[PDB]
Amino acid sequence: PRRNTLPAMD
Amino acid sequence: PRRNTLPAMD
Amino acid sequence: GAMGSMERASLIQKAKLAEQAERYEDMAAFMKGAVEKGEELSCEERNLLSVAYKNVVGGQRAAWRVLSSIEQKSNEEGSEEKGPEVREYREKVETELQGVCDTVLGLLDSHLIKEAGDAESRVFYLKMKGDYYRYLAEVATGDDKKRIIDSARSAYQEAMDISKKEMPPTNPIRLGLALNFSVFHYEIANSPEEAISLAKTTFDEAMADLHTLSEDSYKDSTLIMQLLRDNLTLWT
Amino acid sequence: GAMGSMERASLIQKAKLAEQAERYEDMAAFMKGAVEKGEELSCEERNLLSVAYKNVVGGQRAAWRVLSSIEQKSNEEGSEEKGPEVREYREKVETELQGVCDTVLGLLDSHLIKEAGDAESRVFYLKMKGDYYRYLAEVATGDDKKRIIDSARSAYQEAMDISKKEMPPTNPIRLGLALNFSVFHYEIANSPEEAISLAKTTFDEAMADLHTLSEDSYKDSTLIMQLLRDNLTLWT
Ligand SMILES: [Mg+2]
Ligand SMILES: [Mg+2]
Ligand SMILES: [Mg+2]
Ligand SMILES: [Mg+2]
């Protein structure tokens, strides 16, 4: 489960 | 919910 | 051809890498390059070709349906005029889709089908021919729509005739061909009764042949039988 | 530019159609065409640009990671030699990725950033500059890797300085910038303590400002705060 960056893919 | 044909998309 | 300088084996290797990377446009270009080497395709290579182009055209068809739906709402009464952009962009996606279908049909015609002598390869390629004429038919609106539809029908019919004579009723290629030809009847040929009849006869004849199969063949055939049953449930 | 003959408004209209169709390569080409008209972008147009290229580069990055992983297994001891194909195809995907990053950075440099005077636009574009240098850094292995990393850092740092001075701590652009700069520290700059410190300070300062917000602004800010918290949970 990957860490979050923004924006995210569709 | 669409009817099925083959092959199906990933 | 941009793949003319790459080894056939390397093209197949990279097709498999592209599949794992979900790079289906690359996968299709690699497999086109492999076909253009001129040698016949093995069973696994045929399926790489089919998976690659099905994913490419699947994205295009999904996009075309979204854009077509927007275009149709705009042509309702009370809809605000918004200019030519929706039609233009739908046409752009449609043209690209038609180009992919033409590319696949060109590979089948030069020269996959004429060299395919075994039932498994000939039925596979004729099913593909029916499928990609069917996707052309989904977007066809002009004077050659009837001819496009009849090209799909003719390809499917020859594939059906060979598969009935040369393959057991549980053969996964025979089953997928019948599934797709049934959908052709239902939503292209305006023949829902034929679609239902074909799906039900195909299912019943496969059921009666399952007892001849290994565990792994049983799993392969019953998976597709469930798709036939799902379509029948949707249509009845 | 292939979009030079299309109206700016039509390019934006078709970008929105492409988004609905999940045609993100088209979306990005349309938005590149809109940027090259030379006028500044509105808030909604900036977000169209970002969404389009993020989806394009996201497919490439996912593919590169799959191919990189396969390449690394092949260089383990006991791994069977399979030729240059994995490296070649990884390099092909990498080059295409780098080209997309270079395209975005070129748009920011000619001339989006130099015309961006408001905090919301300048911070947005500098965040984008940091992001696309960061994606270049993810695949960089050579003599300019340190310079690529410092370009990302410098862009993020100027965006942070402006956002701290000119935006409330709950501003969604400020929050997303801090989220991404925190990830930059964690996995590009080898600075996990800085990454954790930034995420926690950003979260805490946003929490203390939520009371000033409308219901809709509260929903926008708390969504991103949850991403910060999720990263902190992963890292601690
Ligand atoms: Mg070549
Ligand atoms: Mg009836
Ligand atoms: Mg033009
Ligand atoms: Mg510590």
Side-chain angles (χ1 to χ4, degrees), chain B residues 3, chain C residues 1-18 23 25-39 45 48-49 52 83-96 103 107 182-204 228-229 231-236, chain D residues 1-18 23 25-39 45 48-49 52 83-96 103 107:
Chain B
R3 84 298 180 277
Chain C
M3 300 299 179
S5 66
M6 203 188 306
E7 289 275 18
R8 184 185 194 281
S10 299
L11 289 164
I12 298 295
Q13 182 177 355
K14 289 177 186 182
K16 292 179 188 165
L17 294 169
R23 294 270 297 194
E25 289 186 35
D26 288 348
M27 194 188 178
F30 290 140
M31 287 312 300
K32 180 180 186 288
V35 169
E36 288 168 352
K37 301 300 175 183
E39 305 285 341
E45 294 160 357
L48 290 175
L49 176 72
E85 288 86 359
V86 174
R87 172 188 56 78
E88 290 173 347
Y89 184 48
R90 190 266 301 155
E91 279 173 359
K92 175 193 153 66
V93 176
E94 182 175 304
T95 300
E96 190 190 294
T103 289
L107 294 175
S182 165
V183 168
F184 168 84
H185 288 308
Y186 191 89
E187 67 182 30
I188 306 293
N190 193 36
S191 292
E193 287 179 337
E194 187 70 19
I196 293 159
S197 181
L198 178 61
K200 188 194 168 38
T201 287
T202 300
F203 181 98
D204 290 344
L228 288 160
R229 172 65 52 195
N231 283 3
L232 282 167
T233 296
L234 191 54
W235 297 338
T236 60
Chain D
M3 300 299 179
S5 66
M6 203 188 306
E7 289 275 18
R8 184 185 194 281
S10 299
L11 289 164
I12 298 295
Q13 182 177 355
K14 289 177 186 182
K16 292 179 188 165
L17 294 169
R23 294 270 297 194
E25 289 186 35
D26 288 348
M27 194 188 178
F30 290 140
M31 287 312 300
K32 180 180 186 288
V35 169
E36 288 168 352
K37 301 300 175 183
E39 305 285 341
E45 294 160 357
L48 290 175
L49 176 72
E85 288 86 359
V86 174
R87 172 188 56 78
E88 290 173 347
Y89 184 48
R90 190 266 301 155
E91 279 173 359
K92 175 193 153 66
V93 176
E94 182 175 304
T95 300
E96 190 190 294
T103 289
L107 294 175

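Hydrogens, waters and symmetry mates are skipped; everything else that's a heavy atom, side chains included, is used. Order of appearance sets the numbers: ligands from 1, and atoms from 1 within every ligand. Labels below follow one simple rule: chain letters A, B, ... track the order of the sequence lines, proteins then strands, and each chain is numbered from 1.
Between the Mg ion (ligand 3) and D:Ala2 there is an N/O/S contact shorter than 2.8 Å. The distance from the Mg ion (ligand 1) to the nearest N/O/S atom of C:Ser5 is under 2.8 Å.
Taken to the nearest 0.5 Å, the NZ atom of C:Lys200 stands 11.5 Å off from the CG atom of C:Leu228. The CE atom of D:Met27 lies 9.5 Å from the NZ atom of D:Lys16; values are rounded to the nearest 0.5 Å.
Note on D:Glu88 versus D:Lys92: no salt bridge recorded, every NZ/NE/NH1/NH2 to OD/OE distance being 4.0 Å or above.
Within a 6.0 Å radius of CD in D:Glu36, more than 12 heavy atoms belonging to other residues, nucleotides or ligands are found.
When the Mg ion (ligand 2) is compared with the N/O/S atoms of C:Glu193, atom OE2 turns out nearest.
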